[PDB]
Structure formats: C-alpha cells, structure tokens
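Let's start with one chain on its own, the form deposited in one PDB entry, as structure tokens.
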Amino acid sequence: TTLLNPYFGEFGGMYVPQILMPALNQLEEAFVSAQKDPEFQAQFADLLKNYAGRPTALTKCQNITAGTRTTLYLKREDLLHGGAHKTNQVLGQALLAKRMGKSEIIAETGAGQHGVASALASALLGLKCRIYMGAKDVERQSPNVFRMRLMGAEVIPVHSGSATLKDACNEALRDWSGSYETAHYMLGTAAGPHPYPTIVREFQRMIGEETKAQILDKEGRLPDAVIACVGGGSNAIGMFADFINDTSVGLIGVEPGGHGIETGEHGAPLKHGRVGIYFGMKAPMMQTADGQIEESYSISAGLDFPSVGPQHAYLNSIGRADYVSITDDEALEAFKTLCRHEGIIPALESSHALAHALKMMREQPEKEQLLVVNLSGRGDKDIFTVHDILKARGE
C-alpha cells in the first residue's frame, strides 16, 4: 500500500528486499506531509535562494548559432552552488532526513556532483555523510573527491563490477539495507524504488518552472523543445516536468552513445536495452541475453549507467518525450565549442545535451527553432580528462 502511484505505466515499482519497505513507506509519508507543509516549503525555498543561488540564469547563446535560424538558450544549472543541478534535490532530501529524525546520509555518486551536493548539505544541516563512488570515477572525477573530503564526507571507493556508478548504487543500497534506522539514503537521480523517482522530480522541477518563466519573459512564447542529458534522469525530468502538459513543447532526452551504439560500449538502455528489474525498479536496462546486467560505458561518469528512470521510460512509451544518443566524440566537440565560443565550460554530461542541440541546428540550419539546453553542470571536474584526451589526440 502506498499514498502515491509507484508506477509510470509499466515502469517503476518498489523492487527492494522486504527489509527496506518500511523505510520507503516512511519516506513517502514524510514527502507527502512535507509537500503540504508551508514551513517546509519556506525552508526549502530559502535554502535554494539564499544558499544555492536560485533562480539560475537563462543565457542566450550569442555565437554558436550564427548563420542559422536556431535560437539557443542555456539553463545555467552550472551556476548553482556545488556546480550542478544535483544540489537542488539534495537540499530537499536533507530537510526530509531531518523531518524523519535521521542523523546520517548515504549517497552514491558518479560524476561526484551528487556527492559534493550531499556533502555540502550534510555540512550545512548537521548530518554525517558517507559517499560511495566507483574507483574508476574516483580517478576521472578526482576534483570532486577532493571537494567531498574537504567538506568532511567519507568517500568510499567501490572496486566491484565496473567500478562506476551502478557499482556505487549497489553498495549504497546494500549499506542502507542495514543502516536505515539511522541513515537516510539520499539517492541522487530520478531512478530506484518508489518514492525516489517522484521525490527527485518534485525537488528538481524548479528547473523547468524557472525556464518557462524566463523564456516567456525573453521570447513571449514557449520553447519549441527543451533538451537534457539522461543518466538516471534527474536533470531531464526537472527540466521536463513543468512542460509535460504543454503539448507543443518537445522534450528531448540525450543518452550517452559512448564509443557508438553498435560497439555495445554506451549507456543508452532507454533506446537500446530492454525492460528488466534492478536497482529497485522495473525499467529499461542494458542486459545480456540471460538477464545479467551489462556494464555501461560513457566518457562521462555521470551518464555511465546501464538503466534509466521509470518516468522517462514511460514518457518515451507514450511518445510524449523523444530520446536520442550522442557519442563521446560528439560530446567532446560540443564541450570545446561552448568553451571557445561562449566562454562556458560545461560538464561532459551536459555536453551531450548541447551536442544534440548543435546537431538539430546544423542538420537543418534554415529551420526556425527556439531551443533550451539544460546546462546541468560546470566542467571543472572534467578539465583534466578532456585535456588528456585532446593531448593524446594531438591537439
């Protein structure tokens, strides 16, 4: 029994060991209560404004659309405290953790932006924070490890499996199944068992709400499409939610194509996997013929995940949102282009969304289109990775 629908069509649910069901039910009740509590909403709003720096800017690109009929805005979640959209919902979940009398936080992180967010919120709100991070990600997103540790979080490298995000997710859930009495699992994406996909959307939906207000102010109409990268699905659902009922507005989600879909080295299960049950949810996933979960791949740690949030799977199934992929090389070109032509260093995750917008423009340069890309984070964490690649490339 639940208060809210755990499913989006066929996708979602609560596929966790029985031990964890009371914890999920408790969290759902706390969320429902909080959502109708003016004091909670005021506390959350105050943190978003005065601590995190909302609202974030909506920046019109001045150079990269030259000679085309595309107008491109970037929603600047890169300017949020911590450097990515992840901060928004962490502040809300941390307040929930305190609503529930929890003193410790568990989080998983891939890019380390959710880890940085969990650490900073824990430092502010007086919680003891431990973060699981795949060992491969500890290396390729090292600046965030340093940041998490300086803020007093425990960072636990995970060497099992692919040593990436899914492995961090596994360890976080294993931990929570023993520690839920005192620890809140601050899941960092719009995936996992109900109520997380719902909570994460509701605590990220200000992205799209602000975007709508800003684009109306500046253009006097809604976008033709909003475009966001999709790992687990939080930044994209946060951008999409307020537009779902605006049927004219395209919703485009961009999964990582890695070395190319045909290579099998990608993170695009929504479009190139099949439905399975893992990480507490029924959702598309990359899996072997026998139903073992496959390891994903992306140049970007934040998108290196073999599943996707159930609401995205649902929005795709009914044709409300469209999902595409962008390869490592396409993302790298978009990264370089934004740095050199707009003076913004984007996260490699966000670069996938930008790359798709650039393709939409370049493929049809006389098509009139008003586009918004969710620039989900800044690329400080990625600069050493991108340097090493462009160097080995001979640039």
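For the two forms, the rigid core is made up of the largest set of C-alpha atoms that agree within 1.5 Å on superposition. Start at 1 and count along the sequence shown; that's the residue number.
Novice: For the C-alpha atoms alone, is the average B factor greater in 223-231 or in 299-307, going by the entry?
Specialist: If you average the C-alpha B-factors of 299-307 and of 223-231, the larger mean comes out for 299-307.
Novice: For the higher mean C-alpha B factor in the entry, choose 192-200 or 129-137.
Specialist: The entry gives the higher C-alpha B-factor average to 129-137.
Novice: Highest recorded C-alpha temperature factor, please, choosing from 72, 321, 158, 79.
Specialist: When the deposited C-alpha B-factors of 72, 321, 158, 79 are compared, 158 is largest.
Novice: Using the temperature factors in the entry, find which of 249, 148, 207, 94 has the highest value at its Cα atom.
Specialist: 148 has the highest C-alpha B-factor of those listed.
Novice: Select lowest, middle or highest to describe the third in which the CA B-factor of residue 34 falls within its chain in this entry.
Specialist: Its C-alpha B-factor, which the entry lists for residue 34, ranks in the highest third among residues of this chain.
Novice: Taking the values exactly as deposited, rank residue 12 by C-alpha B-factor within its chain and report the matching third: lowest, middle or highest.
Specialist: Lowest third.
Novice: What third of its chain's C-alpha B-factors does residue 154 belong to: lowest, middle or highest?
Specialist: Highest third of the chain for residue 154's C-alpha B-factor.
Novice: Which third of the chain holds residue 372 when residues are ordered by C-alpha B factor: lowest, middle or highest?
Specialist: For residue 372, whose C-alpha B-factor we compare with every modelled residue in the chain, the answer is the lowest third.
Novice: Quick check on the deposited entry: does the C-alpha B-factor of residue 167 sit in the lowest, middle or highest third of its chain?
Specialist: As the PDB entry reports it, the C-alpha B-factor of residue 167 lands in the middle third of its chain.
Absent from the display: the form deposited in another entry. The rest refers to it.
Novice: Tell me, with the core superposed, which single residue in 219, 139, 246, 322 has its C-alpha moved by at least 2 Å between this form and the one not shown.
Specialist: It is 139.
Novice: Look at residue 230 and decide if its Cα position differs by 2 Å or more between this form and the one not shown after superposing on the rigid core.
Specialist: No, its C-alpha moves less than 2 Å.
Novice: Superposed on the rigid core, does the Cα of residue 303 end up 2 angstroms or more away between this form and the one not shown?
Specialist: Comparing forms between this form and the one not shown, the residue 303 CA shifts below 2 Å.
Novice: Is it true that residue 283 shifts between this form and the one not shown by 2 Å or more at the Cα, once the core is aligned?
Specialist: No; that C-alpha moves by less than 2 Å between this form and the one not shown.
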